[PDB]
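Here's the structure, in C-alpha cells; my notes come after.
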Amino acid sequence: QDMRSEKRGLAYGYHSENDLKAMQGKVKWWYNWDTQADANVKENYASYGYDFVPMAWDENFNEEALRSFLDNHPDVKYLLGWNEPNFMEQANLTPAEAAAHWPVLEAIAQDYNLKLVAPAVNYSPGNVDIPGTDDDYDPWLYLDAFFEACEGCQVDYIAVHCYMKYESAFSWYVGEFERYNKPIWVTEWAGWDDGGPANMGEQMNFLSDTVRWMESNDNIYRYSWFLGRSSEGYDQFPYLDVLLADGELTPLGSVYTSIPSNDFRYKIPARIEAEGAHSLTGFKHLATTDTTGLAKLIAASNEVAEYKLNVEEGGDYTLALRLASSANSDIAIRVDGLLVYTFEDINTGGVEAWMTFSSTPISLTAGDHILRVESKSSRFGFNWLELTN
Ligand SMILES: [Mg+2]
C-alpha cells in the first residue's frame, strides 16, 4: 500500500527496529524530546521510511550531540524548539528568554538546512511570568510575547500540546493557533483532562475523531500521539500506548496507524482493517480478542463505514467481512452509493465469536470508488474486510 499518512508521527524514545517495522508506511516521522534518534534504531530508521525530528528540550541541550547526530543523518529536515517553556517544571523560559536563545537553533538550522518548529505550548499552571499580563497561563499570550521578542527569527511551524478529552474542544483549541499563519505540529496529545477516557474504547474514539479532523485540516502539518509506550501499560488509564510487545501494536495503535489521509487510496486485492475507514458515521471502537486485527468497529444501529479504493485492475471481486454478532444482523454493501450486495442474517452466536462471511462477486471497474458498509438496524462487531479476485 501507499504511505498511509504523511502527517502521522509518534512521540516515543525507545523504539526497536521491530517497532518501526510494525508501523512502517503508516507512520512518517517521530521524535523523542532528545537530540538524536533512539539508540536501537539510530542506524536504520531512515531505511524504513521514517524521518527523525531532533529536539532542543531547553536552552541547556547538548549541542555537540545534536550537531554530531546531524552530521551523519542528512535526512533530518526539522528541529523542534524548547518544550513547554511556559511551564515551570519543563523548559521554564519566559518569552524573552526563549527568543534570546533562539539564534542557537537558527545557526543549527542554517548549517544543516533545517526548518524550525516554535516552542511547544499549552495552557500552563501560570508560573512563568509573561510581561504585560496577569494571564500567565495563556499559551497564545506566551507565543505573542515570544514572537514580539523574536524579531527576524526563523520560526517555520507552531507546536501545540493538548490533553482535552472532547474532540470538539480539541479542534477549537488547536484551530486557535492557525492565527499565526504557519503550519501546526500537534507534538503531544491524548484525551486526559477532566477525567479523561472512561475506558479504552473512549480513548480510541477520541483518537479517531481528532486524527480525522487533523487529516482534513490543511493547516496541520504533523501530529504525534502521546506516546508509544507508557509506564503504566496500555490497559491502565488513560490507555495511551500505541505499541504493545516488541514489533506489535495495541488495539489503539491499530486504529492510530490504520486511519487514512484524505488522498490515500486502498489498492486491491487486499485485507483492510475496519478501523481504516476513510469515513465513519456512528461506528465506535473496541478491543477485540479475535486472532487478528487488534481493534473492531461496533454497530448498534445504522452506522456507516466508507473505504476509498484505487482499483487498478477492474473486474469482479469477492468481498469478505470478519464479523461477530450475537443475533441476526444485516449489512448493506454499496459502491459509489449504489447497493451491490447485502449480508443477510449474519449470526455467530456471540459478540466475540468471529467468522469470515463472503459475498457473491461484485463488479469493480478500474478507477476511484467508495465502498460503503452499512449496518441495517443490527448489533454486531466488524474487525476487517477483504477483497480478493
Ligand atoms: Mg481490526
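Cβ placement follows ideal geometry from the backbone for every residue including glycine, while neighbour counts extend to all protein chains displayed. No lab work stands behind these numbers, since they all come straight from the coordinates.
Data overview
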{"quantity": "Choice from 311, 117, 373 with maximal GNM fluctuation in the chain (Cα, 10 Å cutoff)", "calculated": "311"}
{"quantity": "Per residue Cα convex hull volume in Å³ - calculated over the range 1-76", "calculated": "85"}
{"quantity": "Violating pairs (Cα-Cα greater than 27 angstrom) within the set 42/267; 28/296; 182/267; 77/182; 21/77", "calculated": "42/267; 182/267"}
{"quantity": "Separation between Cα centres of the range 316-386 and the range 5-29, rounded to whole Å", "calculated": "31"}
{"quantity": "Computed lengthening from residue 357 to residue 113, 0.36 nm per intervening residue step minus Cα-Cα distance", "calculated": "82.5 nm"}
{"quantity": "Charge sum, other residues only, whose C-beta stays under 12 Å from residue 346's C-beta, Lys/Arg counted +1 and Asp/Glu -1", "calculated": "0"}
{"quantity": "Per-q log10 I(q)/I(0), the range 266-388, q = 0.20 Å⁻¹ (Debye; single scatterer per alpha-carbon; no solvent)", "calculated": "-1.09"}
{"quantity": "Top of 146, 170, 61 by mean-square fluctuation, Gaussian network on the chain, Cα under 10 Å", "calculated": "61"}
{"quantity": "Net charge of Cβ neighbours under 13 Å - reference residue 311; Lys, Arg +1; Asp, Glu -1", "calculated": "-2"}
{"quantity": "Percent RCO, i.e. relative contact order, over the range 266-388, from Cα pairs under 8 Å lying at least 6 residues apart", "calculated": "39"}
{"quantity": "Spherically averaged projected area in nm², based on the convex hull that wraps the Cα atoms of the chain", "calculated": "19.5"}
{"quantity": "Cα centre as origin, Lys/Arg/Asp/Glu Cβ charges: the chain dipole, Debye", "calculated": "1540"}
{"quantity": "Gyration tensor (alpha-carbon) shape descriptor, the range 112-214, a/c threshold 1.5", "calculated": "oblate"}
{"quantity": "Extent along principal axes [Cα atoms of the range 70-156; Å; largest to smallest]", "calculated": "44, 25, 16"}
{"quantity": "Percent antiparallel among DSSP beta bridges (both partners in the chain, rounded to 5)", "calculated": "65"}
{"quantity": "Any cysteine of the chain lacking a neighbouring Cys Cβ under 4.7 Å - listed by number", "calculated": "162"}
